[PDB]
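Next up: a single chain in structure tokens, the form deposited in one PDB entry.
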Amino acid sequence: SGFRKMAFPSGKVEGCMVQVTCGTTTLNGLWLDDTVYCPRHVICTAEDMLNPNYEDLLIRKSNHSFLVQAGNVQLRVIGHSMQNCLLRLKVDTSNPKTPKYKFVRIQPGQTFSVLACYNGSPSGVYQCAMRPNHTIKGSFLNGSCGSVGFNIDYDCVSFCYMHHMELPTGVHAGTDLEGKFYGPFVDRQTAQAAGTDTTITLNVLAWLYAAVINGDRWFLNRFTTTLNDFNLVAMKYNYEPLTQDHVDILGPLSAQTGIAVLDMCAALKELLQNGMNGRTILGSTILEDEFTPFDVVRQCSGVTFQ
């Protein structure tokens, strides 16, 4: 029982963190086998960030312009190249702690764990979701550029995010591990605001299912709804439109609880229209949208508390 915003154990990622410095700029890098990945803006001074031309800035660097350190130990750079917004540095030694891994680009609304680091040293791990507008909703730790986001399946680490920039509203922007930004953001220190954001409907429904599996049914009702009528209501509350695909993804949770998906949608519609009347669900006074259906299945019992 219980339900928490839990992250994946971070050990496999801890053993890959390093520090990368170019000039007076230092940030975190990810060391896998014989390569170190980091934001290309490490080659930029705050000044450069106003209107940088990375091709021109990088051609002026040599392998020895980069100092990579694992702890207090320097790793010699023997090659370098830029891949989109990432710098790939080949080093002369391999990381024996490299886990089995994959690079994946996640979709908005999906969740991942972030190992926040400073100067190549881990400070903490937290769980978050890629917002529909491609930003991450929490507050990052100072100097966390280069810290990465990941999910773990069995013993394979799927890296999906590298932190690059800080946004005006205080939200954060970054890229996947091929160096492509999530969202309409670029690595230039200029005002760029996030598009409008929405509540992740699929996740809110997943979470209501978690509450039922854990024994609570107070918010259910005797009504049902069509997908269309649900969207007509939910979209008035800034919720992402719900699609049949989303409905299909909720199949397993629906089968485990005996509550048809559209019946749970009728419950959510009422919660949006009438509020929670001072009550809580899974300890929260507001509807939570940072747990995917997969997160709920992984954390909750496969046996509903009837």
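Residue positions are given as counts along the sequence shown, with the first one as 1.
One more form of this protein exists, namely the form deposited with a partner chain bound; it is left out here, but the text below deals with it.
- Proximity of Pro99 to the partner chain in the deposited bound form: non-hydrogen atoms within 4.5 Å are absent; the residue sits far from the partner.
- Within 4.5 Å of any heavy atom of the partner chain in the deposited bound form lies no heavy atom of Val104.
- When contacts are judged by a 4.5 Å heavy atom cut-off, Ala211 does not count as touching the partner chain in the deposited bound form.
- Contact annotation: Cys145 falls within 4.5 Å of the partner chain in the deposited bound form, judged by heavy atom distances.
- Contact with the partner chain, judged by heavy atoms within 4.5 Å in the deposited bound form, is confined among 201 to 209, 218 to 226, 161 to 169, 82 to 90 to 161 to 169.
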